[PDB]
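Visitor:
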Amino acid sequence: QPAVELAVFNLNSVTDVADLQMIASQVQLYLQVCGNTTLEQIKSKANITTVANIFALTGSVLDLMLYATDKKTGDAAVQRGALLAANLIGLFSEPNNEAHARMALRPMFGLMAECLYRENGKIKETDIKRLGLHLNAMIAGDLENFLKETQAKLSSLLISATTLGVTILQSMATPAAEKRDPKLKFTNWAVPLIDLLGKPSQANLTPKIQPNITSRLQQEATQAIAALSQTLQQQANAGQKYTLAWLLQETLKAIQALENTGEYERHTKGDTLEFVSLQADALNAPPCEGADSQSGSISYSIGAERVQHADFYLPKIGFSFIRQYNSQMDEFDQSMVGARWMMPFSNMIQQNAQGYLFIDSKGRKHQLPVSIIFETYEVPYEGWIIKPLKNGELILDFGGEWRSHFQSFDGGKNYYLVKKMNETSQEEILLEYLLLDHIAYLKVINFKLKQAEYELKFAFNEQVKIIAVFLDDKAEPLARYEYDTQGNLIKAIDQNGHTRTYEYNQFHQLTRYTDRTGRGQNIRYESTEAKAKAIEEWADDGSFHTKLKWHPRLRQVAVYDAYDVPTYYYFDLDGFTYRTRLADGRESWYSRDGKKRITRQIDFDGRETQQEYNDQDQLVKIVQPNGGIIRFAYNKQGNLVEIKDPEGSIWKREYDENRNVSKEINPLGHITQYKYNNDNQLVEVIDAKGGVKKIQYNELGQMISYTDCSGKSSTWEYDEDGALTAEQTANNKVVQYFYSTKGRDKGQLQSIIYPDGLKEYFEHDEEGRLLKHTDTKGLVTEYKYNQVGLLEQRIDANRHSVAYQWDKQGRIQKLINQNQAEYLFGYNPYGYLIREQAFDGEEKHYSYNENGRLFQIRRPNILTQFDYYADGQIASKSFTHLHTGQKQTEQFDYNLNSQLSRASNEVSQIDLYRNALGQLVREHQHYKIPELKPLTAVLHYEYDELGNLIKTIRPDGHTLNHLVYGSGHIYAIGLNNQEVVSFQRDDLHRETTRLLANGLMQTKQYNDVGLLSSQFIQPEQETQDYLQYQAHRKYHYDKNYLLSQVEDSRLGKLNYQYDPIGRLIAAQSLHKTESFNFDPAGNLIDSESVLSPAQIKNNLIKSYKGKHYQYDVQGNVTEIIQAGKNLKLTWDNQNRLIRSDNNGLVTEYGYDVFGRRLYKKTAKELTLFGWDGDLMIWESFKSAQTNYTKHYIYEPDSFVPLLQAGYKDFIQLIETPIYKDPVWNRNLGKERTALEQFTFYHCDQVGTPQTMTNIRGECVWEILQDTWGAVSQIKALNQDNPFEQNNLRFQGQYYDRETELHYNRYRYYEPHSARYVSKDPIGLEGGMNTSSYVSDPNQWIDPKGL
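Add 929 to the 1-based position in the sequence shown for the working numbering, that's all there is to it.
(1) Compare the Cα-Cα distances from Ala2163 to each of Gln1944, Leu2104, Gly2186 and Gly1886 and report the closest residue.
(2) Among the residues of its own chain, which have a CB less than 8 Å from the CB of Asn1390, if the five just before and after it don't count?
(3) Going by the DSSP bridge assignment, what does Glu2077 pair with across the sheet?
(4) Using CA atoms only, rank isn't needed, just tell me which of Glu1779, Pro1111 and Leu1892 is closest to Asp1532.
(5) For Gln2166, write down the residues that DSSP places opposite it in a beta bridge.
(6) Helix, strand or coil for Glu1192? Go by DSSP, reduced to three states.
(7) When DSSP labels each residue in this structure, what does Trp2190 get in the three-state scheme?
(8) Taking all protein chains shown into account, do 16 or more other C-beta atoms lie within 10 angstroms of the C-beta of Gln2039, making it buried, or fewer, making it exposed?
(9) Do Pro2178 and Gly2221 count as a contact pair if the criterion is CB distance below 8 Å?
(10) With a threshold of 16 other CB atoms inside 10 Å of the CB of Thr1091, please say whether the residue is buried or exposed.
(11) If you draw a straight line from the C-alpha of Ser1264 to the C-alpha of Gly1672, how long is it?
(12) Is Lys1245 helix, strand or coil by DSSP?
(13) Which residue comes first and which comes last in the beta strand (DSSP E) that contains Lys1982?
(14) Compare the C-beta of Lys1182 against all C-beta atoms of chain B and say whether one is closer than 8 Å.
(15) Check the DSSP bridge columns for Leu940 and list the partner residues they point to.
(16) Whose C-beta lies closer than 7 Å to the C-beta of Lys1641 among residues of the same chain, with five residues either side of it excluded?
(17) Under 8 Å between the Cβ atoms of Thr2180 and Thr2168?
(18) For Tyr1958 and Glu2187, which I take to be in contact (beta-carbon distance under 8 Å), what is that distance rounded to the nearest angstrom?
(19) Can the beta-carbon of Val1236 be found less than 8 Å from the beta-carbon of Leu1439?
(20) Between which two residues does the beta strand (DSSP E) harbouring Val1205 extend?
(21) If I follow the unbroken alpha helix (DSSP H) through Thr1079, where does it start and stop?
(22) Taking the Cβ atom as the reference point for each residue, do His1853 and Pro2151 lie within a distance shorter than 8 Å?
(23) Name the two residues that bound the continuous alpha helix (DSSP H) containing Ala1156.
(24) Note down the Cα distance separating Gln1794 from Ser2242, rounded to an integer number of angstroms.
(25) Could you tell me the distance, in whole angstroms, from the CA atom of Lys2057 to the CA atom of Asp2070?
(26) Please give me, in chain order, every unbroken run of the beta strand (DSSP E) with length at least 3 that falls completely inside the region 1835 to 1893.
(27) Output the distance between the C-alpha atoms of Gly1094 and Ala1156, rounded to the nearest integer angstrom.
(28) Could you check whether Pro1884 and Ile2143 sit closer than 8 Å to each other, using their CB atoms as the reference points?
(29) For the region 2131 to 2150 against the region 2223 to 2242, do three or more pairs of beta-carbon atoms, one drawn from each stretch, fall closer than 8 Å, so that the two count as touching?
(30) Return helix, strand or coil for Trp1735, following the three-state DSSP convention.
(31) Which of the three DSSP states, helix, strand or coil, is assigned to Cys1044?
(32) Which residue's Cα is closest to the Cα of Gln1545: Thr1538, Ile1902, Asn1568 and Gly988?
(33) Only counting the same chain, and skipping five residues up and downstream in sequence, which positions put a Cβ closer than 6 Å to that of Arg2236?
(34) Rounded to whole angstroms, what's the CA-CA distance from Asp2195 to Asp1954? Just pull it up for me.
(35) Report the start-end ranges of each beta strand (DSSP E) in the region 1369 to 1454 that is 3 residues or longer and not cut off at the edges.
(36) For a test of the three-state rule: what should DSSP assign to residue 2359, helix, strand or coil?
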């Protein structure tokens, strides 16, 4: 720990002078203890002239005091002298012209000391940002120049500081205010301290530094004055560490290293810094409940253990019996609900020596003057008023329409909320008080609310302690309580019977308390005093063990985690946490204006989000971390009408009489009108096209119906209590929800009944954790939870457990899959993940930069490295090869909305353009294929009123129209202003029919559960001239809603089987009977071969059914050897296939930034690819003999293909040079290369093309795919016709004519083993098995390769 520590803050954030009071009191105590003289006695002979910097004056005086009394040596002496000099320099007057410069430099020195004195401390870039802000806020100079001139002028400052210190010490060695104005001078230095001490700060002023029970005194002052010259003259020695010269030198070095109208208004706001070495105890906790203001809950500001426990809920009125504990609530020691326990409506106003003490419902004291009974008053920083009445009843206006009346029953000593009111809702809670021995005891709560009426009768024992909370006339108590002989609430049984047990020591302090499941949360307090702070708390098993240590001098707490990793929080006098210094040194900050509203938040990683409010106290400028200014505007009624996002796109609004938004004119002008019911709820919303959606609510306010824009109403039903008992679909299908009435999970969702009669059953514990889920088929998925409550095991229907392990902080430590392969996670002493064993021994090491963002991922082969922007959006990635050294870099650019705007890599650059609303309107894709003249493919998007996509002009000028019906339902897909399919939809807006342009008529019929039940395709009109396509697929599902049979007309009956989890383990049919063997993790196994392992432990299969695989050190397949085939895959640093050598026929692949293959070169043949997002819209082929382009048209918002139209030429794309190129040539695309051949797809239930038909309706192409995508036989009428051939496969895939690998977007899917040839780019975010494709290909897709 540094010998001397400080609290650097802003002048605006502090209104009281409590810290100044503490410093003055400490000085007075030192004077009394040493010189035996009060400040008044020494005031006379204290005529010394100094600048009117009260902060610097107090700091210097306090500094001088410690130096004279408390002697220090070593580095501690150097630091103390440095801080004394820093406080002095901003204190002496002459020269007057430099007073502002010196008083600005003093907080600079304070900040550099606070940030450099720490062991392994440095000037982070945020430090330089803060220094620049503080400097510029006052003189508006340059940080480098100011620091340099200070360094050159340091000697004069130190000389004048020595003179000032000599003068100050020449006031005591010999035996006998509130304005920080540079131009004002203190005639006497003692006078401001005396004036401070007189101020009624209302903050405890007990000195926190004890003198040494010694003597010396004047001897001490003589020694101090003698050594002042020695300690200050040597301060300038930059060679000496931890000195003003060293601070300036280090700050300059950091600045040099890191260099490679409304602003002025906020400068007047007071972002100027200010630091003190002594601070007063926080008055109380802040209203904030964030992780920075209270632990997982000891509030840091006061160290009070408060636990808010809800006993029962009255759903029809929205009342939860929140019992609030506060180990510092000595006023509620005799509280009827339990000692130091607060129930709802127990807040009251007590009488003390100071005056009236109000204890809000949250448990936060608010001392009020004795004049509240005679006049109105308002507590600062909250915004609620107290007003009296002639009848002695005090009304609290907490903010809103609620007025709470308080009455006194004993000489105006205790004011108990007799009842409340609500001129608005016309409601009002009535509290009936039983009086005994002049002690008012709450007896009945009358909830005379229009929602419902209740009589919360209470029952007391001999001690007058609530033992049961009844309702109206119910025999069952909503809440039962038990108290030990000391009056402590040692057990609180809620309405469901789930007891909570509380353990107290002999002083009403809660040491341990168990949740409803029996899991304790132990606590220990520094002492048995009522106000003693909680200093330690750990779950019963030791997890989450946290040690709080409050700094003796400052308003700081060192919150040690389970591994003694401190996190030093600093809080204001009101408890607001204005700083958070992590163990690694990253400091988060929070500025606050006089009203304690945040105006600047420098996060740990440097992100800064400011909040400039208007004269009406409304945030009218939220500058983002990226520099985007969002200027809100408000109308005369104080309503947010006009919002202006960073790009200038203005969201207008208009409000009705009830301050509800009745209009919403987005930037493009698509007005969205709402309507509300008298209860201030959305009853009806009108879109921009006129579509009207009607919403209905019941007496409770729970939505009970939603009439879609097309007159389709789905009704939600609720019992009297308000628990959802059914939700009916637009076609009258009821999903009835059933809740438990007894057991551990009483009152929770016990089961769900589905429209086909199948019942899901659940099981929870008392705290809501799922313990056992039974699926519709009866398969049980038991979950096991460890002592701390975190999931520790999940036993699925096969009895295969994914055992998790968590370290003492609740972070995942080791994850064990079904194969007993351990996925070790490693965390550095600072608590960041810095390792990952990936089930295969592949250790990924994570590095972090000074901003704490991920900096490198050192995989065994590739060393990823990230470069970020000021906002933290990645600016580039650098995948260096640790062995070969080849480096691949991607570069990103973002607009002011934080949306990707230009992504580039070696072989592409994608420029994304967006309209005011933020939707993609243009997408220029600058291909950079090697050996090929660079060319640009230009996508366009035209949108309708409701933001749907209605027209996309593909690069070669071909336009795909989506003619939309209503609120986004497609009734036809055009193609060059020529229809290619027209849909017909049912009540639920499900497609029940589509008329293809080739005269075919595909009707889909869905069963009760909405699963596809049949699919017939046939011509609208039949002709004997030719054999038009005609086939059908009737799908039958088993109890688990897994496709268990298909009555296909072409393939016959396809019967499937599944294992309990849901993995497909067989698929029999006439064509081929198949069987699959998955290990517990999910890897296909070669069961037929005995020597093959029974489980692929590392998830990387080395052999499966005649294919032997060879993986590199990153888990990607680098070779696949079988009978007569030797495929070698070359993976780039992004783990992407950039070359394939199949029996010597080398291929070459290339990808844009997003992993979308842009080409595939095979000797002279080149297959360009084009994407409009995640979908391969077109592909173009270049070769000596065959040139063609295919345009794949997919169904709306899906990867299922619809038709492919092409022309016998290479695609016509915008040759790279911009604004002139696309628009002119895109109109040259309006001339267009006419699509020669159309061909329509016909997929199965999951979107896999099963056949194809030309424009005349005939079948032209059939594929018999194996279950896992492997092509078994293709029946094409014209093999050579490239437009009658299909390379599409499982939804989102593409067959490769050279490798037989299906190219998913991000990975290559190798159908033989039904697993990707490389590990998932997103690691475990995709699943436990990172190489497996899917469990069930009949209903799961994985279209993007993740």
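All C-beta atoms, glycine included, are put in the ideal place defined by N, C-alpha and C.
Guide: In terms of the structure at hand:
(1) Nearest C-alpha to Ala2163: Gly1886.
(2) Short of 8 Å from the beta carbon of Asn1390, and not among the five residues preceding or following it, lie these beta carbons of its own chain, in chain order: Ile1396 and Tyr1412.
(3) DSSP output for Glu2077 lists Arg2068 and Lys2090 as bridge partner(s).
(4) Among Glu1779, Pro1111 and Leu1892, the Cα nearest to that of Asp1532 belongs to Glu1779.
(5) As a beta-bridge residue in DSSP terms, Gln2166 pairs with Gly2135.
(6) Reduced to three states, the DSSP call for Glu1192 is helix.
(7) Of the three classes helix, strand and coil, the one that applies to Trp2190 here is strand, per DSSP.
(8) Exposed.
(9) Taking a C-beta distance under 8 Å as the contact criterion, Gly2221 and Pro2178 do not qualify as a contact pair.
(10) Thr1091 is buried by the Cβ-count criterion.
(11) Going by the C-alpha atoms only, they are around 32 Å apart.
(12) It is coil, neither helix nor strand.
(13) Element bounds for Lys1982: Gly1981 to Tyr1987.
(14) The structure shown contains no chain B; it holds only a single protein chain.
(15) Assignment of beta-bridge partners to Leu940 by DSSP yields no partner.
(16) The residues are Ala1659, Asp1916 and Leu1917.
(17) Note that the C-beta distance between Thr2180 and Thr2168 is not below 8 Å.
(18) With a Cβ gap of about 6 Å, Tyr1958 and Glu2187 count as contacting.
(19) The answer is yes: Cβ separation under 8 Å.
(20) First-last of the beta strand (DSSP E) with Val1205: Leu1202 to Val1205.
(21) It spans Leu1072 to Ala1081 - the alpha helix (DSSP H) in which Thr1079 sits, taken as one unbroken run.
(22) The criterion of a C-beta distance shorter than 8 Å is satisfied by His1853 and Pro2151.
(23) Looking at the DSSP string, the run of the alpha helix (DSSP H) that includes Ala1156 is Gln1147 to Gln1162.
(24) Each residue's CA atom was taken as its position, placing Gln1794 and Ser2242 some 33 Å apart.
(25) Cα-Cα distance, rounded: 5 Å.
(26) DSSP assignment within the region 1835 to 1893 yields the following whole beta strand (DSSP E) runs of 3 residues or more, N-terminal first: 1837 to 1843, 1849 to 1856, 1864 to 1869 and 1878 to 1882.
(27) The alpha-carbon separation between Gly1094 and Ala1156 amounts to approximately 11 Å.
(28) Cβ distance < 8 Å, so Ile2143 and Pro1884 count as in contact.
(29) Too few Cβ pairs lie closer than 8 Å, so no.
(30) Strand, per DSSP.
(31) In this structure, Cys1044 counts as helix in the three-state DSSP scheme.
(32) Per the C-alpha coordinates, the member of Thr1538, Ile1902, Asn1568 and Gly988 positioned closest to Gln1545 is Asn1568.
(33) Around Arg2236, the same chain offers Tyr2245, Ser2247 and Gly2274 as residues with beta carbons nearer than 6 Å, after the five sequence neighbours per side are excluded.
(34) Our two residues, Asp2195 and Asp1954, have alpha carbons roughly 34 Å apart in a direct line.
(35) Counting only runs of 3 or more, we get 1384 to 1389, 1395 to 1398, 1408 to 1412, 1418 to 1422, 1431 to 1433, 1439 to 1442 and 1450 to 1454.
(36) The question about residue 2359 has no answer, for the chain in this structure spans 930 to 2275.
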